[PDB]
K.L.:
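Take this structure, written in structure tokens, and hold onto it; I'll ask about it next.
Hydrogens, waters and symmetry mates play no part in the numbers below; they use all other heavy atoms, side chains included. All chains are named by letter (A, B, ...) in the order of the sequence lines, taking the proteins before the strands, and each is independently numbered beginning at 1.
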Amino acid sequence: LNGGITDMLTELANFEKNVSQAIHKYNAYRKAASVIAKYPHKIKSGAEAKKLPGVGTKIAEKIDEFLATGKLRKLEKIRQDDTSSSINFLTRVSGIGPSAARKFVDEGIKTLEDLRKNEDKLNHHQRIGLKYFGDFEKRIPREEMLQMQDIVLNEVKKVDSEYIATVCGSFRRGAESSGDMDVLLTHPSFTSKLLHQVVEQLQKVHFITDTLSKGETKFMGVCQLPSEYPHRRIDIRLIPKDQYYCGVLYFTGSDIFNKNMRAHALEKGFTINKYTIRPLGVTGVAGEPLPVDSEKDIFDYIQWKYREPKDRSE
DNA sequence: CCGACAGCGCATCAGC
DNA sequence: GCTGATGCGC
DNA sequence: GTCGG
Ligand SMILES: [Cl-]
Ligand code: NA
Ligand code: NA
């Protein structure tokens, strides 16, 4: 239908983010690509697309050029540009953002090979990103995610049977594949070394293989199923018990669902973030956080019917 | 016209 | 050494 | 880049 248009917008988005360092223009192009990707008709003109929310005058003009010529002069030039294409590519390395990519390209470091012969110029995260470059770009089939969940739930309970661990993200919504694994962790003793002991055990059984970052509340690293399976990205967050289910709700998503749930909350007189759900006074003064002991409690606070994660796509 | 567009944990830099 | 800023990812 | 105050 409009794959040519959405690919064009996505490509424009990446270059704004990675090369121009214009994050808001990146998101504008992404939003336009998303709304067009859902549009159930083949677009015949920029004017037609303009009617959609997120598509404005500039994108309408670009669509008109694309429909009449089959390309975008601006994009064609960008693709051919050595500096811009190299910067854009380097950002595919985890740990390499627009700033590092620009600095690397400035000094003639443009390829994965260039990165390999300049390890001294890479920080720990970037070296890991380089090491697992191909693996990190692979999807994870649900069956592997289940096997990964089996290991995590098993080892967590082995450390302390009172831990509560939930694998969230699109996986919890029943997705057939995932980009990574996002684990939410809590314990009755923690409210508003618990994380360390879990990471340590996962390393002990050789599930966790590398560490990108690690503090008292957040771990970001690499894992791998026993055999060879690709190495996978895994995050683990330690959340206070009284904020756990607000966290589970938020990190389960989806993004559109969270947006819809916050809107309904306000219309019912509540504000919902990833941490707490709080009532609003007659002027807008937010009160103390409300007690939450399940996902359903959040729904019951705003007079909503409990939606299964499976149905939380929108 | 012009400000918002999410906010925060961790690693590391910049400055004192 | 320290504090605050920045880069990065999510 | 787009939206909306
Ligand atoms: Cl709060
Ligand atoms: Na529009
Ligand atoms: Na990157």
K.L.:
Tell me, please, which residues at least two apart from A:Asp160 pass side chain to side chain contact (heavy atoms under 4.5 Å, CB included).
P.N.:
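Per chain and number, A:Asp160 pairs via side chain to side chain contact (heavy atoms under 4.5 Å, CB included) with A:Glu162, A:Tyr163, A:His187.
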K.L.:
For a quick test of your reading: what N or O donor-acceptor pairs under 3.5 Å do the side chains of residues 96-106 of chain A make, sequence neighbours left out?
P.N.:
| from | atom 1 | to | atom 2 | distance (Å) |
| --- | --- | --- | --- | --- |
| A:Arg102 | NH2 | A:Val19 | O | 2.5 |

K.L.:
If the P atom of B:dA6 is compared with that of D:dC3, how far apart are they to the nearest Å?
P.N.:
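Those two atoms are separated by 16 Å.
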K.L.:
Under the salt bridge (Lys or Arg N to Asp or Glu O under 4.0 Å) test, which residues partner A:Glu16, sequence neighbours left out?
P.N.:
none
K.L.:
What orientation do A:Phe299 and A:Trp304 show, parallel under 30°, tilted 30 to 60°, or perpendicular over 60°?
P.N.:
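Taking A:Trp304 first and then A:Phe299, their aromatic rings lie parallel (interplane angle under 30°).
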K.L.:
Scan A:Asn18, A:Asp81, A:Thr83 and name whichever one has a side chain to side chain donor-acceptor pair (under 3.5 Å) with A:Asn88.
P.N.:
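The option that passes is A:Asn18.
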K.L.:
Who pairs with A:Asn154 by side-chain hydrogen bond (donor to acceptor under 3.5 Å, both in side chains), at least two apart in sequence or on another chain?
P.N.:
none
K.L.:
What pairs meet the salt bridge (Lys or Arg N to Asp or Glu O under 4.0 Å) rule with one or both residues in residues 217-231 of chain A, with sequence neighbours excluded?
P.N.:
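Listed once each, the pairs would be none.
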K.L.:
Give the B/S/- string for nucleotides 5-12 of chain B, one per nucleotide from 5' to 3', where a protein heavy atom under 4.0 Å of the base yields B, of only the sugar-phosphate yields S, and otherwise -.
P.N.:
BB-SSSSS
K.L.:
Can you sort out the partners of A:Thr69 under side chain to side chain contact (heavy atoms under 4.5 Å, CB included), two or more places apart, ordered by chain and number?
P.N.:
A:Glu65, A:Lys71
K.L.:
Need one value for A:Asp182: base, sugar-phosphate or nothing, where a base atom within 4.0 Å counts as base even if backbone is also close, heavy atoms only.
P.N.:
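Touches nothing.
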K.L.:
What stems show up for DNA chain B when you take Watson-Crick pairs (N1-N3 plus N6-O4 or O6-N4) and G-U wobbles (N1-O2, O6-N3), both under 3.5 Å, and require three or more consecutive pairs?
P.N.:
B:1-5 with D:1-5, B:7-16 with C:1-10
K.L.:
So what does A:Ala22 touch, heavy atoms closer than 4.0 Å: a base, only the sugar-phosphate, or nothing?
P.N.:
nothing
K.L.:
Can you pull the contact range of chain A along DNA chain C, 5' to 3', using atoms under 4.0 angstrom from its heavy atoms?
P.N.:
C:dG7 to C:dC10
K.L.:
How would you label the contact of A:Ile23 with the nucleic acid (heavy atoms, under 4.0 Å): base, sugar-phosphate, or nothing?
P.N.:
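Nothing, no nucleic acid heavy atom in range.
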K.L.:
Using a heavy-atom cut-off of under 4.0 Å over every strand shown, decide if A:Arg233 touches base, sugar-phosphate, or nothing.
P.N.:
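Contact class for A:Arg233: sugar-phosphate only.
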K.L.:
With north meaning a positive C1'-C2'-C3'-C4' (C3'-endo side) and south a negative one (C2'-endo side), sort C:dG1 into one of the two.
P.N.:
north
K.L.:
Among all residues two or more places apart in sequence or in another chain, which pass the side-chain hydrogen bond (donor to acceptor under 3.5 Å, both in side chains) test with A:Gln21?
P.N.:
none
K.L.:
Excluding sequence neighbours, so at least two apart, what forms side chain to side chain contact (heavy atoms under 4.5 Å, CB included) with A:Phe89?
P.N.:
A:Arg92, A:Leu112, A:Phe133
K.L.:
Identify, with sequence neighbours excluded, every residue that meets salt bridge (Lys or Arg N to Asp or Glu O under 4.0 Å) alongside A:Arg233.
P.N.:
A:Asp235
K.L.:
For the adjacent pair B:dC5/B:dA6, please state whether the pyrimidine-type six-membered rings satisfy a centroid distance under 5.5 angstrom and an interplanar angle under 30 degrees.
P.N.:
no
K.L.:
Which whole number of Å gives the distance between the P atom of C:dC10 and that of B:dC5?
P.N.:
22 Å
